[PDB]
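Peer 1: structural data only, the sequence is not supplied:
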Ligand SMILES: C[C@]12O[C@H]1[C@H](O)c1c(cc(O)c3c1C(=O)c1cccc(O)c1-3)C2=O
Ligand SMILES: C[C@]12O[C@H]1[C@H](O)c1c(cc(O)c3c1C(=O)c1cccc(O)c1-3)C2=O
Ligand code: NA
């Protein structure tokens, strides 16, 4: 393989993490687990893998039994034809942790994984001790207000939200070329490019480089219309909620969570644009430790 | 594989066309000309070349001296570092036809080329006998209202408007793979895919497949902020204006032309989505012949 296997990556971490799989509802999920204490489910997003949490997993494992998953369609997990709505991907994770003998878990999610974390809390409150959303709120009607063009100096264009709606073309252009996508994303977020090194970037590129892998990634985005419909039906979250927001999304995240939950806490990742677990790991680990207790 | 040279393509058409070049302001432009009568400048768009007008050029040449150009950055023309705002590209064409000894010309443009035709009329009214805009209005403030997401019911994702704003990534993803881009575009427009054959698609792909060619194409889109600023300064067009609009863009084109011009005629290409010269050549040729007279 071009990059180290997940088994090797897992072993390279302090804290005795191990790479595993579990089959839930016919979908085989890959995850890495380790540490001792109450269960903590960590959910990554696009275009990343469980490896995105590499910087905070050892600190977290000191207090929690960490379970860092690859979503349906992601990394070492199966890439089925459908079920890429966040409600369904949340049910995967619910089945996973219940299968591992946990009645309720702490949950933290980032990017697409944050949407799943929120859907997890909304659909399975009894299995949700507390939930943390990193940067990304669940889709709602505001998604329909995203603009194609920004006036100069007024923000970053969310081009991938449009491009990933497409059939066929995304896998045709991006297969074998995902390192370029990853580099663009990081060029437009990281304050210092060395925050994510060459090999880690290639670990992600390897995960997404097959046509099937690119395609599965796009399904997360194409499911937005369904996600928005589902969001309208959700009741208010009553368990403790944490929002950690970067400089660009903090206010929006605060507004949406406060309207969607009764018990909200906010932490500002003041030096981050989007990739919180990689941009400010100590702030993220500390916030999660403080919040989950 | 390789495609015919522009000279072979030009000679392949009925009506005695010849492939030529002219250098204006240090920029060498490629164009194909033929026919007899008052001059008619034909301007294509993205990701196409002068060859987009092949279906209408013989008919038009029976009445006009046709001049079908490759824009700055397009096909056989030079690809300089800058000058891809529509005002500058129109000045290129103005210099071209003046250099060829024409005081005034008929002008028709499609897609990006329609923007250029409009700018030609706005900046060089004395050199503009009449102007025809095919499908695409000049950028204005409404460009900033384009939405990334459409509800599952309506139209096509305007993904290319967002994607082509990017630095580096477009040439990185699209080099050598433009045939897939072209196939996607046609899959989402032509009523019958045979309207644009394999060889024609490959002629376009050949023009755009190198990184520098992809890059030049994106410059037309990146210049949008400048184009919008320029549009704000334009007075109303007073020479005769024709808008030919595809079935779904007709109302928007009519509304915009009517607000920006005093003497507007409209023709509907009721069976077309966007590529008017290829989808409904008889409508396009007939409309231009009637209008230019
Ligand atoms: C669900 C997701 O659309 C995915 C994407 O991963 C995403 C999201 C938000 C961003 O603000 C954002 C990105 C993203 O790739 C990115 C790169 C650089 C700057 C920046 O601001 C971003 C998201 O929530
Ligand atoms: C300036 C330009 O943005 C360029 C693009 O070439 C463009 C434009 C309009 C379309 O409606 C349109 C396209 C385009 O590629 C396309 C493909 C399939 C359907 C469809 O409708 C379109 C434009 O005017
Ligand atoms: Na695809």
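Peer 2: Okay, I see it. Numbers count the residues shown, from 1 in each chain, chains lettered A, B, ... in the order given. Ligands and ions are numbered 1, 2, ... in the order given.
Peer 1: I figured residue A:10 hits residue A:18, correct?
Peer 2: Yes - using C-beta atoms under 8 Å, residue A:10 makes contact with residue A:18 at a distance of 5.6 Å. Using the backbone N, CA and C atoms, a C-beta is placed for each residue, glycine as well.
Peer 1: show me what contacts residue A:177?
Peer 2: By C-beta atoms under 8 Å, 6 or more residues apart in numbering or on different chains, residue A:177 lies in contact with A:209, B:172-173.
Peer 1: now do it against ligand 3, distance only.
Peer 2: Taking C-beta to the ion, to the nearest Å as the measure, residue A:177 falls 13 Å from ligand 3.
Peer 1: ditto for residue A:251
Peer 2: In terms of C-beta to the ion, residue A:251 sits 34 Å off from ligand 3.
Peer 1: so what does that residue have for phi and psi?
Peer 2: phi -70, psi -40 (degrees, to the nearest 10).
Peer 1: bridged to the spatially closest residue to it that is not a sequence neighbour, which residues?
Peer 2: Nearest residue to residue A:251, sequence neighbours excluded (C-beta to C-beta, 6 or more residues apart in numbering or on different chains): residue A:245, at 7.6 Å. Counting by DSSP bridges, residue A:245 is bridged to residue A:268.
Peer 1: what about residue A:245, distance to ligand 1?
Peer 2: Using C-beta to the nearest ligand atom, to the nearest Å, residue A:245 is found at 10 Å from ligand 1.
Peer 1: thought that residue was touching residue A:132?
Peer 2: No - using C-beta under 8 Å, residue A:245 is not in contact with residue A:132; the gap is 11.2 Å.
Peer 1: more neighbours, these two?
Peer 2: Taking other C-beta atoms under 10 Å in any protein chain shown, residue A:245 and residue A:132 do not tie; residue A:132 has more neighbours (27 against 24).
Peer 1: so what sits opposite that one in the bridge?
Peer 2: Here residue A:132, judged by DSSP bridges, has bridge partners residue A:108, residue A:242.
Peer 1: what residues are up against it?
Peer 2: Neighbouring residues of residue A:132 by C-beta under 8 Å, 6+ apart: A:106-109, A:117, A:241-244, A:287-288, A:291-292.
Peer 1: cool, and residue A:54?
Peer 2: Counted by C-beta under 8 Å, 6+ apart, residue A:54 has contacts A:9, A:13, A:200.
Peer 1: export those as CSV, with columns for neighbour count and secondary structure.
Peer 2: Shown next, in CSV, are the contacts of residue A:54 (neighbours: other C-beta atoms under 10 Å in any protein chain shown; DSSP: H, G, I helix; E, B strand; the rest coil):
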residue, neighbour count, secondary structure
A:9, 19, helix
A:13, 19, coil
A:200, 19, helix
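Peer 1: what's the closest of those to ligand 1?
Peer 2: residue A:200 (15.7 Å; C-beta to the nearest ligand atom).
Peer 1: ok, and the closest non-adjacent residue to the closest one?
Peer 2: Spatial nearest neighbour of residue A:200, excluding adjacent residues (C-beta to C-beta, 6+ apart): residue A:51 at 6.9 Å.
Peer 1: likewise residue A:30?
Peer 2: residue A:76 (3.1 Å).
Peer 1: can you tell me the SS state at that neighbour?
Peer 2: coil (DSSP: H, G, I helix; E, B strand; the rest coil).
Peer 1: burial count for it?
Peer 2: Residues near residue A:76, counting by other C-beta under 10 Å: 20.
Peer 1: what backbone torsions are found at it?
Peer 2: Residue torsions, per degrees, to the nearest 10, at residue A:76 are phi -90, psi 0.
Peer 1: so who does the residue of chain A found nearest ligand 3 touch?
Peer 2: In chain A, the residue that lies nearest ligand 3 is residue A:171 (3.2 Å; C-beta to the ion). Residue A:171 is in contact with A:211-212, A:214-215, A:218, counting by C-beta under 8 Å, 6+ apart.
Peer 1: where does it fall, phi/psi-wise?
Peer 2: phi -70, psi -30.
Peer 1: could you measure from it over to residue B:152?
Peer 2: Distance, residue A:171 to residue B:152, by C-beta to C-beta, to the nearest Å: 22 Å.
Peer 1: likewise residue A:246?
Peer 2: Look at residue A:246 and residue B:152: by C-beta to C-beta, they are 30 Å apart.
Peer 1: of the two, which one has the most company?
Peer 2: Counting neighbours by other C-beta under 10 Å for residue A:246 and for residue B:152 shows that residue A:246 has the greater number, 22 against 9.
Peer 1: what does chain A put close to ligand 1?
Peer 2: Neighbours of ligand 1 within chain A, by C-beta under 6 Å from any ligand atom: A:45-46, A:111-112, A:136, A:156, A:161, A:185, A:188-189, A:248-249, A:273-274.
Peer 1: want to throw the residues you listed into a markdown table with neighbour count and distance to residue B:234?
Peer 2: Below are those laid out as a markdown table (neighbours: other C-beta atoms under 10 Å in any protein chain shown; distance: C-beta to C-beta, whole Å):
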| residue | neighbour count | distance to residue B:234 |
| --- | --- | --- |
| A:45 | 25 | 44 |
| A:46 | 22 | 42 |
| A:111 | 22 | 43 |
| A:112 | 25 | 44 |
| A:136 | 26 | 42 |
| A:156 | 12 | 30 |
| A:161 | 18 | 32 |
| A:185 | 22 | 38 |
| A:188 | 14 | 33 |
| A:189 | 19 | 38 |
| A:248 | 15 | 35 |
| A:249 | 21 | 38 |
| A:273 | 19 | 38 |
| A:274 | 23 | 39 |
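Peer 1: circling back to that earlier point, anything in contact with each of residue A:10 and residue A:18?
Peer 2: Common contact partners of residue A:10 and residue A:18 (C-beta under 8 Å, 6+ apart): A:32, A:34.
Peer 1: more neighbours: which of those two?
Peer 2: Higher neighbour count among residue A:10 and residue A:18: residue A:10, with 24 against 13, using other C-beta under 10 Å.
Peer 1: give the contact list for that one.
Peer 2: Neighbour list for residue A:10: A:17-19, A:32, A:34 [criterion: C-beta under 8 Å, 6+ apart].
Peer 1: switch the cut-off to 6 Å
Peer 2: A:17-19, A:32 (C-beta atoms under 6 Å, 6 or more residues apart in numbering or on different chains).
Peer 1: same question for residue A:190.
Peer 2: Neighbour list for residue A:190: empty [criterion: C-beta under 6 Å, 6+ apart].
Peer 1: try it again at 10 Å.
Peer 2: Residue A:190 makes contact with A:196, A:272-275, A:278-279, according to C-beta atoms under 10 Å, 6 or more residues apart in numbering or on different chains.
Peer 1: please list which of those residues are also close to ligand 3.
Peer 2: Among the contacts of residue A:190, no residue is within reach of ligand 3 (C-beta under 5 Å from the ion).
Peer 1: which of those residues fall in helices?
Peer 2: A:278-279 (DSSP state H).
Peer 1: just among the contacts of residue A:190, which is most surrounded?
Peer 2: Going by other C-beta under 10 Å, residue A:272 tops the contacts of residue A:190 with 27 neighbours.
Peer 1: could you redo the contacts of residue A:177 as CSV and give each row secondary structure?
Peer 2: Shown next, in CSV, are these (three-state DSSP):
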residue, secondary structure
A:209, coil
B:172, helix
B:173, helix
